[PDB]
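Okay, so we've got the same protein chain twice, two forms, each given alone as C-alpha cells, structure 1 and structure 2.
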Structure 1
C-alpha cells in the first residue's frame, strides 16, 4: 500500500541526483514514477534534496496553499528542483515533458502525525 507521505516521496522526491539528469529526465521520471498512467499530468516537480530536508519544511514558514487551505509551508532555503511541464505536442497516451532546473523555495502541504509533506503545492 502507499501512505500519503510515500505518495509524496514517489511523486516528488529525487534525492539521488542534485539536479535533472538530462534532456529526457522528465519523460523518463514521469514514466518511471507512474505519474502518466491514465492521463498526462500537466506539471510535476521533483525535489533534489534529502528527504529529511524536505520533511523539515513542515516546521518552517506557514503560508496559504494555492487552494487557500492553511496547512502549507514554505522552505526557508531554496532547494534544487526540476519542474516537468507538458509540451504542446503532449497528448495522452504520448505524454512529453520539458525539463526545467531551478533553485527555488518550495511550498508543501503537510498532514498527519508525524506531520509530513503530502502534496507539492508550488515553488517561489
Structure 2
C-alpha cells in the first residue's frame, strides 16, 4: 500500500487491491521487444512443456517481494531492481507471452 514503486504499482495494476500477492516481477522494456522473446531461445518450461522462450539479452526488471511482516490490508513490498534474462511461456496467435516462467 503506497510510497515505493512496488507498493504503488501492485495496487494500481490491481494485484493488491483485494489481497496481498507474495511476489511479482515487472519488466521495463518496450512491449514489442518483450513480445519478441516468443521467437527467441526455445527452452523447456519448469512443468516440462516446451512453449517457453528465453530472451537472448538481459532486460531491466523490478522484483517486488512481500516483507515477512506484510499483512492484508496493508501489503508491504521490498523493491529489487535487476537486469535478467526473462523466460516466458507463449501461446496463441499472435504468439505472445502469457506467463512468466523465470528470470536469469
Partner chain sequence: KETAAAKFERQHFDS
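Numbering follows the first chain given and starts at 1. Shifts are known only where both forms have a C-alpha. Basically, rigid core = biggest C-alpha set you can superpose within 1.5 Å across the two forms.
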property	result
Pair member that is the form deposited with the partner chain bound	2
Option from 61, 39, 98, 31 moving between structure 1 and structure 2, CA shift at or above 2 Å, rigid core reference	39
Rigid-core superposition between structure 1 and structure 2, with residue runs of at least 3 whose C-alphas all shift by 2 Å or more	21-23, 37-39, 66-69
